[PDB]
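Engineer: Sharing a structure here in structure tokens format.
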Amino acid sequence: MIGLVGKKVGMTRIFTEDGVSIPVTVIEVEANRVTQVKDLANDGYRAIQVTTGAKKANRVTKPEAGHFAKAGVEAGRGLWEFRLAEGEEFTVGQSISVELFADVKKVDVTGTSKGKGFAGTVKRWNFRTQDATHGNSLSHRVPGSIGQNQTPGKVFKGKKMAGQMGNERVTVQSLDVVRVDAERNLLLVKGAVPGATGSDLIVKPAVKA
Amino acid sequence: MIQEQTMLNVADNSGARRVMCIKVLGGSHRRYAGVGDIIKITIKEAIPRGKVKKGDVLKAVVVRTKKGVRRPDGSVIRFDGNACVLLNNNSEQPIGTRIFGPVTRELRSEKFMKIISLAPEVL
Amino acid sequence: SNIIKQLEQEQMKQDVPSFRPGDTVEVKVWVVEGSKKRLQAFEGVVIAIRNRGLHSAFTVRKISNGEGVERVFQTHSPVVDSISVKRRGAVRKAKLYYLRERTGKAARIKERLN
Amino acid sequence: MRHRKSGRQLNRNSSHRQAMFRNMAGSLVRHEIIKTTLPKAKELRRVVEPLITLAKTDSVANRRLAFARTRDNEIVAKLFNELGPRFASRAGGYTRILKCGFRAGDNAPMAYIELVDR
Amino acid sequence: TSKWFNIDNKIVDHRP
Amino acid sequence: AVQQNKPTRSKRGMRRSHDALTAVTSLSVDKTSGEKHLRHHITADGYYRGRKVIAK
RNA sequence: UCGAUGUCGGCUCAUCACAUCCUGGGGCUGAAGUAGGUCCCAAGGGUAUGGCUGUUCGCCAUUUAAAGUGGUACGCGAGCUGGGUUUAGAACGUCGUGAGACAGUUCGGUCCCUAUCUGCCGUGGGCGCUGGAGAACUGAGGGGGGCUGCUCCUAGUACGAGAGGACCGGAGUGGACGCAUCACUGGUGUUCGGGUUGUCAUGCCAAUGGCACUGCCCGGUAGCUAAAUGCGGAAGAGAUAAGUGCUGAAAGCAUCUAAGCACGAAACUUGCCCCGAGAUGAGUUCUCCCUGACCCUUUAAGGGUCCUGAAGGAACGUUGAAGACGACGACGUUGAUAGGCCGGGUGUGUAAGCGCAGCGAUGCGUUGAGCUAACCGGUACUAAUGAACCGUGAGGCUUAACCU
RNA sequence: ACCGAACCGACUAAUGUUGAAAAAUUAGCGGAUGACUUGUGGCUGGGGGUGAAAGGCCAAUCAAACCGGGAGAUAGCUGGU
Ligand SMILES: N[C@@H](Cc1c[nH]c2ccccc12)C(=O)O
Ligand SMILES: [Mg+2]
Ligand SMILES: [Mg+2]
Ligand SMILES: [Mg+2]
Ligand SMILES: [Mg+2]
Ligand SMILES: [Mg+2]
Ligand SMILES: [Mg+2]
Ligand SMILES: [Mg+2]
Ligand SMILES: [Mg+2]
Ligand SMILES: [Mg+2]
Ligand SMILES: [Mg+2]
Ligand SMILES: [Mg+2]
Ligand SMILES: [Mg+2]
Ligand SMILES: [Mg+2]
Ligand SMILES: [Mg+2]
Ligand SMILES: [Mg+2]
Ligand SMILES: [Mg+2]
Ligand SMILES: [Mg+2]
Ligand SMILES: [Mg+2]
Ligand SMILES: [Mg+2]
Ligand SMILES: [Mg+2]
Ligand SMILES: [Mg+2]
Ligand SMILES: [Mg+2]
Ligand SMILES: [Mg+2]
Ligand SMILES: [Mg+2]
Ligand SMILES: [Mg+2]
Ligand SMILES: [Mg+2]
Ligand SMILES: [Mg+2]
Ligand SMILES: [Mg+2]
Ligand SMILES: [Mg+2]
Ligand SMILES: [Mg+2]
Ligand SMILES: [Mg+2]
Ligand SMILES: [Mg+2]
Ligand SMILES: [Mg+2]
Ligand SMILES: [Mg+2]
Ligand SMILES: [Mg+2]
Ligand SMILES: [Mg+2]
Ligand SMILES: [Mg+2]
Ligand SMILES: [Mg+2]
Ligand SMILES: [Mg+2]
Ligand SMILES: [Mg+2]
Ligand SMILES: [Mg+2]
Ligand SMILES: [Mg+2]
Ligand SMILES: [Mg+2]
Ligand SMILES: [Mg+2]
């Protein structure tokens, strides 16, 4: 089944009447507008393309404005694509809301996880530090050894080293759907989702099950 | 959060006063043992006429921790000590006949119903 | 934001009494054992109060059978059935964390008479 | 990582930063235009403007609060006697930064920071 | 003159 | 550590391939004085967006 | 190799083999069940903490499903150490007349390097992709992940004289590991509030500020974070290994194989997550933009002058949960991008001034007061200036199909 | 004799090691009325001095200083021709 594009708003708790407090993430999922529908004949695969929110009229460039006017919908802040299964079909210019997610139990939430910048090996790969004392000299959080001697005489690919950590596409799977709230455009899922507050997320029905 | 080499008080009347957690049973590379958890102990102090002597190695159940338990609404119950109840190596029922101090509902299982029955206060 | 405040505000309680640290307070909480649901009372001195709206909590301390117990209650939780202050305490601090290190006659708290 | 943190460290420790921002606030109030490096000008906004608001609301306690932040009775007097009623109808933004190039000595972005009614 | 790690004895006599 | 072989003028030029400065794209004319200046900078005489901001 | 290839052990990071320690599949059993013995397949993941000792090894204590055997300069000192063995001191035992000597012992004893190249981890610039440009994709390929305990039901059933006690299947709940996050419990919070010692200063009292590790301490917002709390490992499919077969001759019988057919594992190909058209084999879809004139010549994918400057981009500025720098994201007056301001929230804890009680330190009233950083909702007060700059003028040849 | 600054020294750790320094810095450390420490001057000379003894010190050099000389020692050895 297709998904919907929302934005992470923040986290809250939900107290329920047997007195347990469910940590929930609130995702504002307002009406996504289907812009382009792709098919096996013209494009070679079946997908829909949706847009959401609004964007400044002076900053929607002419190709984007032409595309949105061809679909006949107001310009949004981006374009995303969802692959279609066989039993389901959509039309161009069509609004989708959270009432689609009214009857799902678990979702997969995809978002761009926060950037930690250039991070070290201890933060990035759970490496162990060496001794802070006992003679240790300028080698407390260093990576250690990165190879073997003459054979092979090289560092193997995929060696866990320091570098850019975070700011990258991350999926959290099989999160419970605590509440679907159609009139306020809210999806409350149980647990944390990737990314910062006020940020784009793609929520799909769960693929594992 | 009790680990190896940790000194714990005895919350029963077996005859020991202090014990030392020397192993956290029930898993490989297991680090900590929370409230309601079986550990292996050795006895470091003893009452002169107790049921156990200094230097015995036997089991114990951690029943109070300063780290405390968390309750499903988000609550936390903390104590001002680490306290355990001694158990036989094989039977894993308590040695003493009375338990001092409060214990927690996290021990409410069939394995520790004797402790729950004899406790003065169950929080 | 506005959405989160709206969700919290429709969840919050409407009748939490006004208490300050140093107060002796009785908190009656729900306890479920077997299938029976009953009220257990925890009486002690509030040593900490964290106000965050729905996420507000308060730390109470008692001496129970010779052992000092701290409980942190969530103020708006359904399990915290009732809060009632019995004695107003006169302190000059917002967090009374020295009452852990103090015991007996040293942990006495003056009464606030206004 | 400095996610959602404010202020500039400005290659100085905390006491040095506090001392020079007190000095720059005193100089800016005395002269009504000063030429300084651009990040120092932005931080000088963040230091100076609450002092002009405190000057808008006149009281003995407000004068004592300004003497504790500016440590200068002349600056406090000029604030509460002139820049209070001069900016009494303006809601914030009492200053202005105009970029004016790079220092000859070390290639810096200089900027004039001035009060708006000068 | 000479480097201290060449005058040293623990690292010069490294493979006796 | 230190080189085993001498790098060439070819590799010296290849490393310095990225060292080239970029000139300013275009200067500005002021609508009162008419003087070229850097954008969002006050001019040499003391004008900015057509107002004499600094004396002299 | 002596115009030098640094040695045992520990730490840090590993990677490969399979002669498999666990988990997985099976044959035989002197296999009743439980538990085993032995052999065959199988390298996906997993594969102890402490005492002694310089130790690897070993012994011992207690765990675990298990505590695998090996290669890698007995992996790893331009990554750490320096306990051991290796200089110079000194002593013991023994040997020597002696200087001295002991894989005998004991106490003490300098471990350098700013990385050019290859490699690896990240992140950009240029050009290409055949008119220019803005997006969204397809997926050749590449990587990550792949562990498992215990309890309960089936069932005290099958099996067994009893003791004991299942296969197959299902439910729950843990350990280790990994990703994400900050709502909770916490840590930090030298940018907020207060207590206080010494001293100096603001003319002095009162009130404040500087300096003493933030002077010492007590709390603590936002952010970052773990000990906190969400999720994960799969199911399924395809082709199989050992193994089990069906039909069936060669060999009238028999036979799993020769023809034909079916099962069969954590290994293999997918399924799950991520990168991914420099995939030069440079792909697809949608949209947007440019429809002037003239002159020379080695007359062709030629050069030159005037007019023209689009879509878009860059630059500049305000900046950001983005960031070493580039880069990426938001905004630029038709504006909430930042700062300020207003209101709130949070934190601290009842400011200063004045009055009252007291001889006085001090207490009480005004008073949950004052102040309050990064937070929340707002607001054009200040700053984001009109422009200028790069990018063009319909886009080659040949051959097929369509319209005409 | 004891505790502790000046002053004398140099036990441990980190930094530095093409250093700030051809032996130091920082934080701790030992002596501190004595077999103490220090300023000016003098004396002892190289198979010699001096040594509360380490083959230690004698001008950043010590199992025999430095300087000039025999001297272009010698080199069955290495490099070059
Ligand atoms: N490396 C140290 C000690 C040292 C000096 N000279 C030496 C000669 C040989 C060995 C060590 C040293 C230094 O530079 O100060
Ligand atoms: Mg960041
Ligand atoms: Mg470690
Ligand atoms: Mg060193
Ligand atoms: Mg900010
Ligand atoms: Mg600097
Ligand atoms: Mg200071
Ligand atoms: Mg060579
Ligand atoms: Mg060589
Ligand atoms: Mg095999
Ligand atoms: Mg597989
Ligand atoms: Mg061992
Ligand atoms: Mg080796
Ligand atoms: Mg090895
Ligand atoms: Mg080594
Ligand atoms: Mg090496
Ligand atoms: Mg040694
Ligand atoms: Mg010797
Ligand atoms: Mg003798
Ligand atoms: Mg020897
Ligand atoms: Mg080194
Ligand atoms: Mg892989
Ligand atoms: Mg928060
Ligand atoms: Mg806290
Ligand atoms: Mg603090
Ligand atoms: Mg403060
Ligand atoms: Mg005074
Ligand atoms: Mg001073
Ligand atoms: Mg399978
Ligand atoms: Mg046959
Ligand atoms: Mg393989
Ligand atoms: Mg603003
Ligand atoms: Mg408050
Ligand atoms: Mg005060
Ligand atoms: Mg003496
Ligand atoms: Mg000496
Ligand atoms: Mg020494
Ligand atoms: Mg010293
Ligand atoms: Mg002495
Ligand atoms: Mg002394
Ligand atoms: Mg000798
Ligand atoms: Mg000398
Ligand atoms: Mg001689
Ligand atoms: Mg001669
Ligand atoms: Mg000669």
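Chains: A, B, ... in order of the structure tokens. Residues: from 1 per chain. Ligands: from 1, in order shown.
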Counting only C-alpha atoms (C1' of nucleotides), a student should be able to say which residues of chain D come within 8 Å of chain G; what is the right answer, written as JSON, numbers by chain?

Structural biologist: {"D": [1, 2, 3, 4, 5, 6, 7, 14, 42, 45, 46, 49, 60, 61, 64, 67, 68, 71, 90, 91, 92, 93, 94, 95, 96, 97]}

Engineer: Taking only C-alpha atoms (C1' of nucleotides) and all ligand atoms into account, which residues have an atom no farther than 12 Å from ligand 39? I'd like them as a PyMOL selection string.

Structural biologist: chain H and resi 1-4+30-32

Engineer: For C1' of residue 80 in chain G and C1' of residue 177 in chain G, quote the distance in Å rounded to one decimal.

Structural biologist: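 Computed distance, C1' of residue 80 in chain G to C1' of residue 177 in chain G, equals 26.9 Å.
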
Engineer: Which residues, written as an NGL selection string, have at least one atom at most 8 Å from residue 34 in chain D, with only C-alpha atoms (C1' of nucleotides) counted and residues fewer than 2 positions away on the same chain left out?

Structural biologist: :D and (27-28 or 31-32 or 36 or 112-114)

Engineer: Within 9 Å of residue 101 in chain B, counting only C-alpha atoms (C1' of nucleotides), which residues show up once you throw out same-chain ones fewer than 6 positions away? Write them as number ranges by chain, please.

Structural biologist: B: 11-12, 119-121; C: 64-67

Engineer: For ligand 15, list the contacting residues at 10 Å or closer, counting only C-alpha atoms (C1' of nucleotides) and all ligand atoms, as a list in words.

Structural biologist: residues 6, 7, 8, 9, 10, 76, 77, 80, 81 and 82 of chain G

Engineer: May I have the residues from that selection written out with N, CA and C atoms (P, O5', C5', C4', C3', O3' and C1' of nucleotides), as a PDB file, in the first residue's frame?

Structural biologist:
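Ended up saving to again-v2.pdb:
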ATOM      1  P     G G   6      63.808  -2.323  11.056  1.00  0.00           P
ATOM      2  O5'   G G   6      62.764  -2.548  12.235  1.00  0.00           O
ATOM      3  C5'   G G   6      62.177  -3.819  12.469  1.00  0.00           C
ATOM      4  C4'   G G   6      62.412  -4.289  13.880  1.00  0.00           C
ATOM      5  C3'   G G   6      61.194  -4.818  14.620  1.00  0.00           C
ATOM      6  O3'   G G   6      60.955  -6.186  14.337  1.00  0.00           O
ATOM      7  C1'   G G   6      62.379  -3.290  15.995  1.00  0.00           C
ATOM      8  P     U G   7      59.670  -6.949  14.926  1.00  0.00           P
ATOM      9  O5'   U G   7      60.125  -7.490  16.356  1.00  0.00           O
ATOM     10  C5'   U G   7      61.018  -8.586  16.450  1.00  0.00           C
ATOM     11  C4'   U G   7      61.099  -9.192  17.835  1.00  0.00           C
ATOM     12  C3'   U G   7      59.851  -9.223  18.700  1.00  0.00           C
ATOM     13  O3'   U G   7      58.904 -10.205  18.317  1.00  0.00           O
ATOM     14  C1'   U G   7      61.750  -8.719  20.028  1.00  0.00           C
ATOM     15  P     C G   8      57.462 -10.259  19.027  1.00  0.00           P
ATOM     16  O5'   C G   8      57.696 -11.046  20.388  1.00  0.00           O
ATOM     17  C5'   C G   8      57.404 -12.426  20.507  1.00  0.00           C
ATOM     18  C4'   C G   8      57.261 -12.835  21.950  1.00  0.00           C
ATOM     19  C3'   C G   8      55.913 -12.579  22.592  1.00  0.00           C
ATOM     20  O3'   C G   8      54.957 -13.565  22.271  1.00  0.00           O
ATOM     21  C1'   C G   8      57.614 -11.850  24.045  1.00  0.00           C
ATOM     22  P     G G   9      53.435 -13.154  22.013  1.00  0.00           P
ATOM     23  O5'   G G   9      52.982 -12.471  23.371  1.00  0.00           O
ATOM     24  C5'   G G   9      52.677 -13.261  24.503  1.00  0.00           C
ATOM     25  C4'   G G   9      52.399 -12.422  25.721  1.00  0.00           C
ATOM     26  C3'   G G   9      51.274 -11.422  25.615  1.00  0.00           C
ATOM     27  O3'   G G   9      49.986 -11.989  25.661  1.00  0.00           O
ATOM     28  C1'   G G   9      53.090 -10.393  26.649  1.00  0.00           C
ATOM     29  P     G G  10      48.818 -11.369  24.762  1.00  0.00           P
ATOM     30  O5'   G G  10      48.348 -10.096  25.581  1.00  0.00           O
ATOM     31  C5'   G G  10      47.963 -10.202  26.940  1.00  0.00           C
ATOM     32  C4'   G G  10      47.880  -8.844  27.582  1.00  0.00           C
ATOM     33  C3'   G G  10      46.917  -7.870  26.933  1.00  0.00           C
ATOM     34  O3'   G G  10      45.579  -8.080  27.336  1.00  0.00           O
ATOM     35  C1'   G G  10      48.974  -6.796  27.300  1.00  0.00           C
ATOM     36  P     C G  76      52.960  -8.259  13.409  1.00  0.00           P
ATOM     37  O5'   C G  76      52.007  -7.033  13.711  1.00  0.00           O
ATOM     38  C5'   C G  76      51.982  -5.906  12.851  1.00  0.00           C
ATOM     39  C4'   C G  76      50.862  -4.968  13.208  1.00  0.00           C
ATOM     40  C3'   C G  76      51.052  -4.150  14.465  1.00  0.00           C
ATOM     41  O3'   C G  76      51.863  -3.013  14.268  1.00  0.00           O
ATOM     42  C1'   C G  76      48.882  -5.064  14.429  1.00  0.00           C
ATOM     43  P     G G  77      53.376  -2.987  14.787  1.00  0.00           P
ATOM     44  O5'   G G  77      53.308  -2.229  16.178  1.00  0.00           O
ATOM     45  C5'   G G  77      52.680  -0.967  16.301  1.00  0.00           C
ATOM     46  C4'   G G  77      53.523  -0.011  17.094  1.00  0.00           C
ATOM     47  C3'   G G  77      54.759   0.496  16.394  1.00  0.00           C
ATOM     48  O3'   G G  77      54.475   1.581  15.544  1.00  0.00           O
ATOM     49  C1'   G G  77      55.280  -0.131  18.615  1.00  0.00           C
ATOM     50  P     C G  80      52.562   4.629  18.706  1.00  0.00           P
ATOM     51  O5'   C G  80      51.937   4.392  20.146  1.00  0.00           O
ATOM     52  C5'   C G  80      51.277   5.431  20.847  1.00  0.00           C
ATOM     53  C4'   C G  80      50.571   4.910  22.070  1.00  0.00           C
ATOM     54  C3'   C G  80      51.442   4.240  23.109  1.00  0.00           C
ATOM     55  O3'   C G  80      52.128   5.138  23.953  1.00  0.00           O
ATOM     56  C1'   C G  80      49.577   2.887  22.694  1.00  0.00           C
ATOM     57  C1'   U G  81      52.470   0.418  26.588  1.00  0.00           C
ATOM     58  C3'   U G  81      53.640   2.003  27.920  1.00  0.00           C
ATOM     59  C4'   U G  81      52.454   2.651  27.238  1.00  0.00           C
ATOM     60  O3'   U G  81      53.771   2.458  29.250  1.00  0.00           O
ATOM     61  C5'   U G  81      52.739   3.975  26.587  1.00  0.00           C
ATOM     62  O5'   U G  81      53.597   3.801  25.479  1.00  0.00           O
ATOM     63  P     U G  81      53.659   4.864  24.318  1.00  0.00           P
ATOM     64  P     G G  82      55.122   3.127  29.780  1.00  0.00           P
ATOM     65  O5'   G G  82      56.077   1.886  30.018  1.00  0.00           O
ATOM     66  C5'   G G  82      55.620   0.766  30.754  1.00  0.00           C
ATOM     67  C4'   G G  82      56.392  -0.478  30.413  1.00  0.00           C
ATOM     68  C3'   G G  82      57.915  -0.348  30.472  1.00  0.00           C
ATOM     69  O3'   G G  82      58.481  -1.518  31.045  1.00  0.00           O
ATOM     70  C1'   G G  82      57.258  -1.196  28.381  1.00  0.00           C
TER      71        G G  82
END

Engineer: Kindly work out which residues sit at most 9 Å from ligand 38, using only C-alpha atoms (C1' of nucleotides) and all ligand atoms, and give the list as a ChimeraX atom specification.

Structural biologist: /H:10,25-29

Engineer: Can you write just those residues out, N, CA and C atoms (P, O5', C5', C4', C3', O3' and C1' of nucleotides), as a PDB file, in the first residue's frame?

Structural biologist:
ATOM      1  P     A H  10      70.810  16.684  41.958  1.00  0.00           P
ATOM      2  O5'   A H  10      69.434  15.903  41.840  1.00  0.00           O
ATOM      3  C5'   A H  10      69.059  14.881  42.757  1.00  0.00           C
ATOM      4  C4'   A H  10      67.580  14.577  42.674  1.00  0.00           C
ATOM      5  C3'   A H  10      67.109  13.969  41.358  1.00  0.00           C
ATOM      6  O3'   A H  10      66.043  13.061  41.607  1.00  0.00           O
ATOM      7  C1'   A H  10      65.983  16.010  41.725  1.00  0.00           C
ATOM      8  P     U H  25      62.506  24.680  34.366  1.00  0.00           P
ATOM      9  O5'   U H  25      61.084  24.523  33.684  1.00  0.00           O
ATOM     10  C5'   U H  25      60.531  25.567  32.898  1.00  0.00           C
ATOM     11  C4'   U H  25      59.132  25.225  32.466  1.00  0.00           C
ATOM     12  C3'   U H  25      58.163  24.917  33.591  1.00  0.00           C
ATOM     13  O3'   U H  25      57.587  26.088  34.140  1.00  0.00           O
ATOM     14  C1'   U H  25      58.007  23.252  31.919  1.00  0.00           C
ATOM     15  P     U H  26      57.159  26.137  35.683  1.00  0.00           P
ATOM     16  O5'   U H  26      55.884  25.194  35.760  1.00  0.00           O
ATOM     17  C5'   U H  26      54.660  25.561  35.145  1.00  0.00           C
ATOM     18  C4'   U H  26      53.700  24.399  35.115  1.00  0.00           C
ATOM     19  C3'   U H  26      53.384  23.768  36.451  1.00  0.00           C
ATOM     20  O3'   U H  26      52.484  24.520  37.238  1.00  0.00           O
ATOM     21  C1'   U H  26      53.816  22.073  34.882  1.00  0.00           C
ATOM     22  P     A H  27      52.807  24.750  38.792  1.00  0.00           P
ATOM     23  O5'   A H  27      52.138  23.498  39.503  1.00  0.00           O
ATOM     24  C5'   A H  27      50.831  23.083  39.152  1.00  0.00           C
ATOM     25  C4'   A H  27      50.576  21.658  39.557  1.00  0.00           C
ATOM     26  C3'   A H  27      51.099  21.243  40.919  1.00  0.00           C
ATOM     27  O3'   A H  27      50.277  21.676  41.985  1.00  0.00           O
ATOM     28  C1'   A H  27      51.604  19.573  39.332  1.00  0.00           C
ATOM     29  P     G H  28      50.904  21.930  43.439  1.00  0.00           P
ATOM     30  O5'   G H  28      50.738  20.530  44.173  1.00  0.00           O
ATOM     31  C5'   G H  28      51.784  20.000  44.974  1.00  0.00           C
ATOM     32  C4'   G H  28      51.871  18.504  44.827  1.00  0.00           C
ATOM     33  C3'   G H  28      52.951  17.800  45.619  1.00  0.00           C
ATOM     34  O3'   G H  28      52.669  17.628  46.991  1.00  0.00           O
ATOM     35  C1'   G H  28      53.038  17.034  43.434  1.00  0.00           C
ATOM     36  P     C H  29      53.863  17.748  48.056  1.00  0.00           P
ATOM     37  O5'   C H  29      55.040  16.880  47.431  1.00  0.00           O
ATOM     38  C5'   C H  29      55.134  15.490  47.680  1.00  0.00           C
ATOM     39  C4'   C H  29      56.492  14.947  47.326  1.00  0.00           C
ATOM     40  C3'   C H  29      57.619  15.279  48.278  1.00  0.00           C
ATOM     41  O3'   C H  29      57.625  14.512  49.465  1.00  0.00           O
ATOM     42  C1'   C H  29      58.345  15.621  46.075  1.00  0.00           C
TER      43        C H  29
END

Engineer: Which chain H residues are at most 12 Å from chain E (counting only C-alpha atoms (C1' of nucleotides)), as a list in words?

Structural biologist: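 Every residue of chain H that passes the 12 Å test is in residues 17, 18, 22, 23 and 60 of chain H.
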
Engineer: Since we have the selection now, will you write its residues out, keeping N, CA and C atoms (P, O5', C5', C4', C3', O3' and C1' of nucleotides), as a PDB file, in the first residue's frame?

Structural biologist:
ATOM      1  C1'   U H  17      61.493  15.278  21.495  1.00  0.00           C
ATOM      2  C3'   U H  17      61.778  16.285  19.365  1.00  0.00           C
ATOM      3  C4'   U H  17      61.339  17.327  20.389  1.00  0.00           C
ATOM      4  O3'   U H  17      63.193  16.346  19.209  1.00  0.00           O
ATOM      5  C5'   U H  17      60.135  18.130  19.987  1.00  0.00           C
ATOM      6  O5'   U H  17      58.970  17.334  19.890  1.00  0.00           O
ATOM      7  P     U H  17      57.537  18.006  19.831  1.00  0.00           P
ATOM      8  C1'   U H  18      63.093  19.026  13.437  1.00  0.00           C
ATOM      9  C3'   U H  18      62.605  20.384  15.344  1.00  0.00           C
ATOM     10  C4'   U H  18      63.505  19.218  15.685  1.00  0.00           C
ATOM     11  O3'   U H  18      63.003  21.576  15.996  1.00  0.00           O
ATOM     12  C5'   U H  18      63.272  18.548  17.008  1.00  0.00           C
ATOM     13  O5'   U H  18      64.262  17.568  17.280  1.00  0.00           O
ATOM     14  P     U H  18      63.864  16.108  17.770  1.00  0.00           P
ATOM     15  P     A H  22      68.904  24.524  22.813  1.00  0.00           P
ATOM     16  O5'   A H  22      69.716  23.209  23.171  1.00  0.00           O
ATOM     17  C5'   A H  22      69.044  22.039  23.606  1.00  0.00           C
ATOM     18  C4'   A H  22      69.978  20.868  23.771  1.00  0.00           C
ATOM     19  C3'   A H  22      71.083  21.035  24.791  1.00  0.00           C
ATOM     20  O3'   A H  22      70.651  20.697  26.089  1.00  0.00           O
ATOM     21  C1'   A H  22      71.985  20.216  22.779  1.00  0.00           C
ATOM     22  P     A H  23      70.564  21.802  27.237  1.00  0.00           P
ATOM     23  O5'   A H  23      69.701  21.092  28.362  1.00  0.00           O
ATOM     24  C5'   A H  23      68.285  21.177  28.347  1.00  0.00           C
ATOM     25  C4'   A H  23      67.644  20.200  29.298  1.00  0.00           C
ATOM     26  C3'   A H  23      68.235  20.168  30.707  1.00  0.00           C
ATOM     27  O3'   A H  23      67.198  19.964  31.660  1.00  0.00           O
ATOM     28  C1'   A H  23      68.320  18.017  29.762  1.00  0.00           C
ATOM     29  P     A H  60      82.635  21.531  26.699  1.00  0.00           P
ATOM     30  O5'   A H  60      81.096  21.870  26.888  1.00  0.00           O
ATOM     31  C5'   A H  60      80.373  21.356  27.995  1.00  0.00           C
ATOM     32  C4'   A H  60      79.296  20.379  27.576  1.00  0.00           C
ATOM     33  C3'   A H  60      79.684  19.378  26.498  1.00  0.00           C
ATOM     34  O3'   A H  60      79.008  18.148  26.737  1.00  0.00           O
ATOM     35  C1'   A H  60      77.907  20.748  25.720  1.00  0.00           C
TER      36        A H  60
END

Engineer: So how many Å separate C1' of residue 376 in chain G and CA of residue 12 in chain A, to one decimal?

Structural biologist: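 Distance between the two atoms: 15.1 Å.
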
Engineer: For the strand (DSSP E or B) assignment from backbone DSSP, which residues of chain B qualify? Please present them as a ChimeraX atom specification.

Structural biologist: /B:2,6-10,12,16,18-24,33,37-43,46,57-64,69-71,75-79,83-87,94,99,102-103,121-122

Engineer: Enumerate as number ranges by chain the residues within 12 Å of ligand 37, counting only C-alpha atoms (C1' of nucleotides) and all ligand atoms.

Structural biologist: G: 108-110; H: 9-12, 23

Engineer: Emit the selected residues as a PDB file, in the first residue's frame, including C-alpha atoms (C1' of nucleotides).

Structural biologist:
ATOM      1  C1'   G G 108      66.715   0.512  39.580  1.00  0.00           C
ATOM      2  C1'   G G 109      66.721   2.028  34.395  1.00  0.00           C
ATOM      3  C1'   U G 110      65.202   8.169  27.900  1.00  0.00           C
TER       4        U G 110
ATOM      5  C1'   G H   9      68.352  19.279  45.262  1.00  0.00           C
ATOM      6  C1'   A H  10      65.983  16.010  41.725  1.00  0.00           C
ATOM      7  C1'   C H  11      61.551  10.895  43.663  1.00  0.00           C
ATOM      8  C1'   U H  12      56.874  10.244  40.324  1.00  0.00           C
ATOM      9  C1'   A H  23      68.320  18.017  29.762  1.00  0.00           C
TER      10        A H  23
END

Engineer: Do you know which residues are within 9 Å of ligand 18 using only C-alpha atoms (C1' of nucleotides) and all ligand atoms? Can you write them as a VMD selection string?

Structural biologist: chain G and resid 88 to 90

Engineer: List all protein, DNA and RNA residues that have any atom at most 12 Å from ligand 6, counting only C-alpha atoms (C1' of nucleotides) and all ligand atoms, and write the list as a VMD selection string.

Structural biologist: chain D and resid 9 to 12

Engineer: Just how far from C1' of residue 275 in chain G is CA of residue 109 in chain A, in Å to one decimal?

Structural biologist: 18.9 Å

Engineer: Using only C-alpha atoms (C1' of nucleotides) and all ligand atoms, which protein or nucleic acid residues are at most 8 Å from ligand 4, as an MDAnalysis selection string?

Structural biologist: (chainID A and resid 137) or (chainID G and resid 111) or (chainID H and resid 16:17)

Engineer: Can you tell me which residues surround residue 74 in chain B at a distance of at most 12 Å, considering only C-alpha atoms (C1' of nucleotides), apart from same-chain residues fewer than 2 positions away, and format the answer as a ChimeraX atom specification?

Structural biologist: /A:13-15,19-23 /B:69-72,76-77 /C:55-57,71-80 /G:183-185,228-229
